[PDB]
Structures are given as structure tokens and as C-alpha cells.
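To keep things clear, I will list the structure first and then write my remarks on it.
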Amino acid sequence: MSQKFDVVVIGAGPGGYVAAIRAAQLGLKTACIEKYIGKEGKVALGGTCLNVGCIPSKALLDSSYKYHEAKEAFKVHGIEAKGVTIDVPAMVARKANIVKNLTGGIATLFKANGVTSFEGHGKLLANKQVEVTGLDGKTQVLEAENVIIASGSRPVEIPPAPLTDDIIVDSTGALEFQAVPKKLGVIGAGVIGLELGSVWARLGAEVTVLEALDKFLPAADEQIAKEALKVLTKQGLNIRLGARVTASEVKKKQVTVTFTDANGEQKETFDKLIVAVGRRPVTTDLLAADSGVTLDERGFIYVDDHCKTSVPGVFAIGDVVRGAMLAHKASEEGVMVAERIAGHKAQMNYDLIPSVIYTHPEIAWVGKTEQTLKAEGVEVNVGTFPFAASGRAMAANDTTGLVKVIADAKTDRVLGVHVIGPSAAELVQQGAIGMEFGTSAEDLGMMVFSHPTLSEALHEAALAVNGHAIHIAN
Amino acid sequence: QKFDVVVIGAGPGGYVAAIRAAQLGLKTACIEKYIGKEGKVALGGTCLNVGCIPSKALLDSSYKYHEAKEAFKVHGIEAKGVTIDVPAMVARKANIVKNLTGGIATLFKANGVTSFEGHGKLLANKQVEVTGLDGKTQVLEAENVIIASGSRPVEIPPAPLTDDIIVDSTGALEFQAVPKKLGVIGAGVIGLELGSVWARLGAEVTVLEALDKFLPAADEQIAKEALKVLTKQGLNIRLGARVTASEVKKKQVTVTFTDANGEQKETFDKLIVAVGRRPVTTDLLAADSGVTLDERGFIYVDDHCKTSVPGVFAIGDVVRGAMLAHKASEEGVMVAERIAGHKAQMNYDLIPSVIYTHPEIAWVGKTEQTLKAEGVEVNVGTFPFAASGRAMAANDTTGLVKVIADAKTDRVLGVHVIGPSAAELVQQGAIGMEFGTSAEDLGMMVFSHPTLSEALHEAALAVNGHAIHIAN
Ligand SMILES: Cc1cc2nc3c(=O)[nH]c(=O)nc-3n(C[C@H](O)[C@H](O)[C@H](O)COP(=O)(O)OP(=O)(O)OC[C@H]3O[C@@H](n4cnc5c(N)ncnc54)[C@H](O)[C@@H]3O)c2cc1C
Ligand SMILES: Cc1cc2nc3c(=O)[nH]c(=O)nc-3n(C[C@H](O)[C@H](O)[C@H](O)COP(=O)(O)OP(=O)(O)OC[C@H]3O[C@@H](n4cnc5c(N)ncnc54)[C@H](O)[C@@H]3O)c2cc1C
């Protein structure tokens, strides 16, 4: 029985580790297999998000912002912070210690819940048998009643900019720089590139972001994206749209990138270059030829709306399957799959998954953009409120940005909430909770919002939908 | 001199009522007497001029200084020193107040509200006498009157305001230097906020509180954590300490008070009287206006803020209910809408409370102790910020979220937070409660990761024993 489990989970990222905990909570005998070696030379749980993704990036964003504010936005308060500096090794070490604590915390949760951990590489064979290759190279086979595949993702590689020495790096290396890159190039103006560029720009890097697409943040609401581009450019992110990298050359501890833009061939030289074009699903040695599990043309594991693969009792969740490649999407899929194995008719809502970009100002949204609703032919009413009119934001010395609420013009149902500014993600979550209950704009308007709080900007934007905000002209 | 609506007072109640009435097409006047820093009438009431906004401005500046002094090294951030210039900090606050008070006048002009400068008094038959700043009078004929005269600090005989030594909250927001030893009478929201400002800047702060129980309206678990954290921050909060006398000598003040061990004395450079707030009706009502006051000096109104006189309403701090700015403003909206013919109502059950200490404290709905006293069986779920990845990244892990749900129906009955973004997380809870959320409803929603909001999600899951990120 040592080798028999009700649920075997391959991977311990946000998808897999949450699925494993939930399965154990539901009374299923659960194993979770993980191969990733952390900084101490031992297996570290938590996946991309904890080890080289969400948490490390937010740690560096928060440290670098605190330095930036001390250097550039203290005098208005009367604060004199003389000769303020930030030590990059110490900043990175704080991040490493946070990662170590949280990865240890997952192991603590596994122990408390009775999840059995295996260290090594898992491979799905036919008929729900899972071969585990341990760290010593020895194999064993686990007999699973159900398998949850949660093998995650890795950075996209591009031929013009292969990882090279410590000069051309991906996001993992960008979270490990021990000195500020004097000239930093970033390929890709999506969330990851914008966050990483912001960290290092705050510390003095001169940053160019090369983006092949003509449109900035095309999935975000256009009004939000336009303000974001303006603000981030002013902060020193030299974001170049319609700029397609074709070659790179490393010499003298620098890298020269050749790229094509509207004016032809261009060259620019950097001390470090981050390739942040996107993310790809990981299926390396994951599926035996006889497993029965199929991949789509983009390399994701094919699953249905309940994350079931083509093989009964085999599920796949998170970044290895279709849908938004986000940590909270992966974890909610894990919960849904575990609940369904336990017999519950659990159903995931894919329409209210929020997005957050942890720049400062923060950017977040839920639901549909104005441009999507126009393409769908839905008439809408829009309300906005700027943080420049927020008393709380004035006290905070942080008045950039706005809240936008989009409602159906016929029914008043809120269809999207979009924010750039302080506490964007928390205000968007307020909107998402309302949308879960079918809120109208008038419903939000009729609620008591504490004063003074940043939340009031959502209240006013909801009132503005129907032309009766108090604190701005309508 | 004829108006559909005459509003007395331009604080959060009155100025919002005036704007909403004007938006509804009612010919609206608003009367205000308060003189701001430029020597002219300033709108916005207590909250904008000497209350909410100034206090938050000094709290935010002082916290940024505190974090630089005490919580930068862990990030790798060093400095040769950090100082704060108190006059400059206060001047930033004064400029914010000036901008926002000007903004209300701009809103009045855009909406067509007519302003009068002076003291408004309700006479018989809905006539309003306005005494101008030169003492000359005129009478306005009002179809409807909205009384929004607000509040002022409570004065106590044993600590009368004196020179620059014994002050109320208004004086405490105007210190031009850090007091070396600062005494505060009253450990409520105002006293804790003001004490926090000056403690962060180096004052030795004692807070004398007559009640044995700290923050009795807050949930007991939150209040216990708050007392521990604020004491650690240097607020020497003395419970069961009743002030009986004070004496000023040589620009210092000795306070006599009684505690469990008998009569005590303590000497301070400055003393803040922050025991509470009282409704203002000074010269507000003619003897035959028809409007009645209760025994505590509030104007008596029904649940629609209607007085004993038809067409006369009263809102905000001068009437029953929570003395909070968002309560006053929403009452103003209700009254304006009702004058315009709508059967508008006010929800008194989900008014949140916020204390802008750091960590911030906020809550909505009922406490565990209230529900026990009511005999309502409950399930409780909590989640600590020490287990939040977002909070760890923020270097700010003090506190917790608490969700209380009915044990039979699973309906959320209260949400209580001490920690980062407490007010925003409480607002999430309040929105859910408006829609009748259960704890499981919140648990089934997708919360972005990593965000502080996830602490509310986990606490909601913990109600029914299945949080993912803490043992159940
Ligand atoms: C720099 C960066 C910043 C990000 N910021 C955020 C953010 O703030 N918020 C957000 O929502 N998302 C963010 N993301 C995306 C987020 O990291 C992913 O969406 C999330 O980690 C996906 O979770 P998952 O469990 O599907 O996969 P992963 O987190 O990739 O976990 C997969 C696990 O499977 C292991 N594994 C793979 N194959 C095997 C095998 N055969 N046997 C054993 N183990 C195996 C891997 O070692 C890994 O631990 C960020 C990503 C990056 C790179
Ligand atoms: C230090 C402090 C901090 C505070 N912090 C907060 C907080 O963060 N959040 C919150 O919700 N609440 C806070 N409050 C409470 C908040 O200020 C009040 O709840 C709110 O201002 C009440 O609004 P109101 O319109 O009823 O009265 P007020 O704001 O007091 O306005 C009444 C107006 O009427 C004027 N007036 C009175 N009589 C007349 C008359 N006869 N004729 C003409 N004009 C007249 C007054 O000059 C005044 O401008 C704070 C209060 C203080 C003292």
C-alpha cells in the first residue's frame, strides 16, 4: 500500500500543491511529486510562483519602490533621508529568505494535511501508473486512482537572443542580479517585462523595453493601457512598440541587439538583456508514449472545461493547460479537480479571474474591456473617477490613475472594472465580489463606502456610470 | 430669497446633500460659517478642515518617516540619517486642506449650489435666518431645510483647553515641534491616531483611558491584538485611568488620575483631550422652530432623517447613529433624493469603521461578543498576515482577518481586520454582505494571487474548516 494513492499530483506549484492539500482535506490518500531544487540544494515546493515568479518579483518590487519613494518623494512630507542607498545583494537576500520561509511553509502544510511528498521527476504511464525517478536516479511506480498533472511552465526562448553567460537572461536570472545593470534591455512589454524593468529602473538602470506588437497591453482596457504607457515611460521605461528583435551579439560583457522598427534597422547595446516574450507549458518527459494524454498544437495538455484529459481519472491544471496562465487560476483549478474527484459538482468561474500588474501605479482589472464589448456589439455606460480627486490618495501623496466601471446600458449590470493606481488589485477584488453576485452599477452606488479610503474611487466611478458621482463633474 | 432646499452646514453631510439636491434639479442653498486658514469661509466641515483628511495626512507622513527609521535595513536600504521637519509636514497637510476645501466650492459652482457665508438659524415655518459675518441678517424662504451642523470636541472640567499646552484634536494637528512628553486623554480612534503621529516622531506618549475595556466596539480579538501592537509602538495606554485634575506650570502640565493602585500624577509638555465628540446646536433653532432635541443634544429624527417638522431634516453628527463622515454623506444623499420624491433609504447595518493606525484597524457588521450576547451561534474563521505571501513581500505581517458567520445559515455577520489594507478588505466584506454572502460564497470566488485580499478569502474558508494556507 506504500505505493497506492487515491490522488497522485505531479508538480507542487500553485496548481499542484493546492490540489494536493484540498484532496487530502477531502479524505483522499494523496501524494505530490516535485523535482525542483531550491537554493539550499534540497527540493523546494511552491513552483514557479514561489521560487522564481510571483513572490520574488513582488519582494523586489516592494523593496525597490521603498527606495524610490525615499529618494524621490519624501521632501514633500518634510522628510530628509540623506544619502539614501540600496545594497542589491542585501535586497536580493531578503527575497531569498522570504522564498525559503514560504517554501518551508508548504512542506508544513503538507505534513499537517497528511500529503505524502516524493522528491524527483514524475512521468505518467498508461493506466494511471506514475513513475517517480528519485534524486538518486532510482525509479519506483505509484499506482494512482486519479492523477493531477500540474507541471507548469517555463520562459519562451527565442533564436535571436539565446541565454548566454550571465548577460542574456530570462526572468529567473533577472531576479538574481547582484548589481544594478547600467543599461538594461527587456524583450517583451508584458506584465513580466514591465515589472522586472521597473525594479531595476528604480535603482538607476537605464531601461529599454522592445515590444514586437504595435499595441501596448492589448488585453487591458485601452484607456488604462494608454495611461499606463504614459506613466511608465515617464518613470524611465523606454517602451518601444512595433520593435522586432532579429539578432544579438555578446562582446566585452555587453550585448548589442538588432531590431526592426517603423524607421528600419536599429541597434542598441545593453549590459544585461532579459528575454520576457512569454511562457510555454512544460511537458518534458512528463507523458510516456502509452499514457493516452494528448497535447494541442501549442503544446498544452488538452483538457475539457473541468480539466479532465482524454484519459479517465487523469486531470491537468494550471499553466500546462488552456486558460489564463496565472497562479490563482491554477490553484482554483486544483481545488475544482480535487472536489470533483471527491464527488462534488464543483464548477469554476473563468469569467471573473482578475489580472494584476504590480508596477507602481499598480494595474488591475476583472471582466471585459471597453474594446471587447464594442467588438461584441454591447452598448455600455462607462464611469470613471481619478485618484487626483481622492482625499485619501492626496493624503498618501499618490494621485496617479483612475478607476473605470463599465456597465450594460440596458440592464446596468457591471461588465468590467479596471484600475490603475493605489490598491488597484484590492479595488478590483471589490468589483469582482460584486460581479459574482450580479451587481449593477447602481447597487455599488447605493452602498456605504468608508471615508477616507481608496475604495471610494470605486464608489464614485460606479455612480458616474449613471451620471451622478458627487465629487467630479458628470 | 426662495429656495427648494436650504442646507445649514457644509461638512460631509451638508455639502453632499447640497450637491445631490442640485443634481436632482432642486434650487439649493448651503450656509457655512467656518473660517479657514486664509481668513475666508472654508467648506468641508470637521472632516476636511480639522478631522479625517488632516489626520490621515499626518499619519501618512509620520508613517513614512517611521518606516525609513525603523524598517529599511531589511530591504538593503541605508541612510546616513533620516529627519522630518515638523513645520514642513504640517504645511503639506495645510495645502491639501486648502486644495480640497477649494474643490468643494468648485463642485458647488459646477452644480449651481448657492453659498451663503454666516450662521444659519431655523425659525418657525421653515424660514432660515442667515447672520452674515458682519452681523447683518436676511431670511431665506425654504421649502425644505437640511440641518447638518455637525459636532465639536467634548470639553472636560479637569482639563480645560489652555494656551498651547492643553489642546483638543484641532490643536494636536497643528504642533510645530514634536512634544517631548505627550499626554492623551481618551484611547479611542482619535486619541490613538494622534498619539501615533507624535510617537512616530519621537514623543513619549501616554494615553489615559477611563474605561477598563480597550476599543469596546471592536471585536475583542482584534482589540487585544491592537492593544499589544500599539503598546509596542510606544503608546503607553493606561486603562481604568480616570483623570480628576490638571495643573499648568512653566509650559508643562501635571495630570492627576486614579487607577487600580490609587491616585497618580504624570507631567507632560502637551496634553490632548480626546474623550469624544458632541453634537452642535448652538443658536441653531429658534424656540418656536418646532424641532426637538433629545436628552443628549441630538436633533430627534426618524430613519429617513426627518425631524418633528415636515420638510425639515437633520443629518450627520447632529443626529443619532455613527458619528462618521460616510454616514453623514449617505444621509445627505438620502434626504436629497427623498425631497426629489424618491423613497430613498439608508442602510445602518453595514457602515464600516476604520482606525488609521499602522496597522490599520477596520470592521463591518457584528463582533463575536455582540453575537454571543444575542444568543446567535456562529462559526469563526481567521487568517494571519504572517501567512500571507503578499504581506511578507511588503515586510508587513502584523495582524489578521476575522470572518464571523451564522452557524446555521453560513451568512457572513461581521468582518474584522487589523493589518495592511484593512479598510479595503473590510469593504470587500461589506460588499459581500450587501448581497447576502455566505462564507462559502466568498470561499468559492477567485482571489488574485499574491494580494492582501487573499487573507479575506482564507479567513472565509476557515469559517468552515477548509482554509488552504493555515492548518484547520
Ligand atoms: C517572473 C514571474 C512573475 C510572475 N508573477 C505572477 C503574479 O504576480 N501573479 C500570478 O498570478 N502569476 C504570476 N506569474 C505566473 C505564475 O507563476 C504561474 O501562473 C503559476 O506559477 C502556475 O502554477 P502551476 O502550478 O501551473 O505551475 P508552476 O508554478 O510552473 O509549477 C509547476 C511545478 O511542476 C514541477 N514539475 C514539472 N514537471 C515535473 C515533473 N515531471 N515531475 C515533478 N515535478 C515537475 C515544477 O518543478 C514546478 O515546481 C509569474 C510568473 C513569472 C515567471
Ligand atoms: C481628528 C478627527 C479625525 C476624524 N477622522 C475621521 C475619519 O477618518 N473618517 C470618518 O468617517 N470620520 C472621521 N471623523 C469624524 C468626521 O469628521 C465627522 O463624522 C464628520 O465631519 C461629520 O460630518 P457633518 O457634516 O455631520 O458635521 P461637520 O463636519 O462637523 O460639519 C458641520 C458644519 O456645520 C457648520 N455649522 C454648524 N452650525 C452652523 C450654523 N448654525 N450655521 C452655519 N454653519 C454651521 C460647521 O462650521 C461645519 O463646517 C474625525 C473627526 C475628528 C475630530
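Below, each value reflects all heavy atoms present in this structure, side chains not excepted, and no hydrogens, waters or symmetry copies. In what follows, chains carry the letters A, B, and so on, assigned in the order in which the sequence lines appear, proteins first and then strands, with residues in each chain numbered from 1.
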Passes side chain to side chain contact (heavy atoms under 4.5 Å, CB included), A:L352 versus B:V446? Steps please.
-> CA-CA 7 Å; A:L352 298 179; B:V446 178; over 6 Å; no

Qualifying residues under ring-ring contact (aromatic ring centres under 6.0 Å, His included), relative to B:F447, sequence neighbours excluded = B:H457

Residue list, ring-ring contact (aromatic ring centres under 6.0 Å, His included) with B:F435, at least two apart or on another chain | A:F437

Sequence neighbours excluded - side chain to side chain donor-acceptor pair (under 3.5 Å) pairs with any residue from residues 438-448 of chain B | B:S438-B:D441, B:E440-B:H466

Nearest 0.5 Å, what's the [atom1]-[atom2] distance between [X] and [Y]?
X      : Y      : atom1 : atom2 : result
A:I106 : A:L50  : CD1   : CG    : 5.0 Å
B:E424 : B:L452 : CD    : CG    : 10.0 Å
B:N347 : B:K327 : CG    : NZ    : 13.0 Å
B:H304 : B:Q345 : NE2   : CD    : 3.5 Å

Check whether [X] reaches the backbone of [Y] with its side chain - one donor and one acceptor, N or O, closer than 3.5 Å.
X      : Y      : answer
B:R411 : B:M433 : no
B:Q369 : B:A218 : yes
B:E458 : B:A467 : no
B:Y356 : B:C52  : no
A:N113 : A:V115 : no
A:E333 : A:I317 : no
B:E360 : B:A423 : yes

Can you list the residues that meet the side chain to side chain contact (heavy atoms under 4.5 Å, CB included) rule with A:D305, with sequence neighbours excluded?
-> none

Is any side-chain heavy atom of [Y] closer than 4.5 Å to one of [X]?
X      : Y      : result
A:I433 : B:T437 : no
B:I404 : B:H416 : yes
B:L215 : B:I355 : yes
B:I351 : B:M346 : yes
A:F110 : A:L45  : yes
B:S196 : B:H358 : no
B:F214 : B:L230 : yes

Is B:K224 paired with B:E220 through a side-chain N to carboxylate O contact shorter than 4.0 Å?
-> no

Quick one: which residue pairs count as a salt bridge (charged side-chain N to carboxylate O under 4.0 Å, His left out) with a foot in residues 390-405 of chain B, not counting sequence neighbours?
-> A:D62-B:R390, B:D219-B:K402, B:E368-B:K402

Please report the C-alpha distance between B:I190 and B:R277 in whole Å, then the side-chain angles of each, then the deciding distance to 0.1 Å, and finally whether the side chain to side chain contact (heavy atoms under 4.5 Å, CB included) criterion is met.
-> CA-CA 10 Å; B:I190 289 172; B:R277 296 190 52 88; 3.9 Å; yes

Side chain to side chain contact (heavy atoms under 4.5 Å, CB included) assessment of A:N146 paired with A:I148 = CA-CA 7 Å; A:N146 299 271; A:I148 302 178; 5.6 Å; no

Pairs meeting criterion ring-ring contact (aromatic ring centres under 6.0 Å, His included) with involvement of residues 373-397 of chain B, two or more places apart | none

Closest non-hydrogen atom pair, A:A23 against A:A338 = N-CB, 3.7 Å

Applying side chain to side chain contact (heavy atoms under 4.5 Å, CB included), run through A:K58 and B:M392 and close with a yes or a no.
-> CA-CA 10 Å; A:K58 272 75 276 177; B:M392 290 181 76; over 6 Å; no

Report yes or no: do B:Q427 and A:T453 form a side-chain donor-acceptor pair below 3.5 Å?
-> no

Between the side chains of B:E330 and B:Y348, is a donor N or O closer than 3.5 angstrom to an acceptor N or O?
-> no

Identify which one of A:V465, A:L463, A:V417, A:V414 satisfies the side chain to side chain contact (heavy atoms under 4.5 Å, CB included) criterion when paired with A:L444.
-> A:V414

